[PDB]
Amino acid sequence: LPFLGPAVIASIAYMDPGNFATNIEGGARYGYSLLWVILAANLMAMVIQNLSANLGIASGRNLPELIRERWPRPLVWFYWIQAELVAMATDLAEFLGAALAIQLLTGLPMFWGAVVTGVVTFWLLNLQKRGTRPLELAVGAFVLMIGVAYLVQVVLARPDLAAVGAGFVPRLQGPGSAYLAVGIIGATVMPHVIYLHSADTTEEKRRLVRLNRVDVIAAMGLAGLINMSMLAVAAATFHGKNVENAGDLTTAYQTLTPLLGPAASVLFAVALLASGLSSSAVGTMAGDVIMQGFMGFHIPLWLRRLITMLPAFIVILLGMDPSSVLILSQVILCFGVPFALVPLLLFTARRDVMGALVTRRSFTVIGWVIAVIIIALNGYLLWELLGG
């Protein structure tokens, strides 16, 4: 593949419907003041995903399998349940985003939107490796081109450069800002990948480590520029204008209207649907690998797909706002990150696991600082959600 090739394919996988929810709402409600969050969360994701990838290369096993073989039964069971909750919140945002996109495209109610998504995800579940390549290449194009749109639009929108520069200085402005900051971190780090991304020769093992290190930083850098662009465009579009339903995904197409014209609405919803269909399908398979890795057995794949749809339909029948619950799921995912980092930081520092590929002492320290920072942000948010 060409030089930039790997950076493009891995970046579209990072574009969750939860990124749309957090970037649009972040810019429309708090201007440019959360740009440092997207930047910080992206750098932390570069460290974390590198440790996750180097653990699979050095040890030949994934994190659930290493926990199952090395830790006591009650701790394996605890981390299995915690990993299953991460899979629930991860698939909830993706499945609900696709159903919402169906509603934006056709006008059907959210219930039937989730039913359409359910048939598609059930049918996509049956298809083997043959057939996924034409569909995953098409959804990659929609999501990639909507990302290039925001990269171009961030220049044509003429954003307030003084406010853009100030937005890179870390500032939390109220309790609602921390809630959205936590959601941005949860949407960037993606703890479900931590448990799955891990899934011979020392000189050959170092080649894959150096090769993976370059590809993930090019992809995270591209995904980080697009996320900041989507937030900055949302800030320039809505912030300080008292627009009806500002930051909401039902009116988010207005961010690309001066560029795409009358096509902005369909092109946004199509990209939202493609971002949710591919993500909901790969995540429910990743949930199957995680249980088999933790427990040594797995439930039928159709049953897991059904259980993951139950929170989606319940949220719909409750009448809850889809854009609001997409942000909540990313907030919950951010609470699962510190639990995922503890086995990651410990295993990658052991020679009997990594061999000659033991992590540098400095990057282990940086990883623990990242874990302490996220615990601090989660506890700070949890304190203000219980009064105090």
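Sequential numbering from 1, following the sequence displayed.
In this entry, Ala199 is separated from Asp200 by 4 to 9 residues of the deposited sequence that have no coordinates.
Relative to its counterpart among 6 to 14 and 374 to 382, 6 to 14 has the higher mean temperature factor, C-alpha atoms as listed in the PDB entry. Here the stretch with the larger average CA B-factor, out of 34 to 42 and 315 to 323, is 315 to 323. Sorting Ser280, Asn227, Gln153, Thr257 by the CA temperature factor given in the entry leaves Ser280 at the top.
Per the deposited record, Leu124 carries the highest C-alpha B-factor of all listed residues (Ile81, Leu92, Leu180, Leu124). Annotation for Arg210: CA B-factor lies in the highest third of the chain's modelled residues. Placement of the Cα temperature factor of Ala286 within the chain: highest third of the modelled residues, per the deposited record. Among the modelled residues of its chain, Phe238 has a C-alpha B-factor that falls in the middle third, as given in the PDB entry. In the PDB entry, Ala138 places in the highest third of its chain by CA B-factor. When the modelled residues of the chain are ordered by C-alpha B-factor, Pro74 sits in the lowest third.
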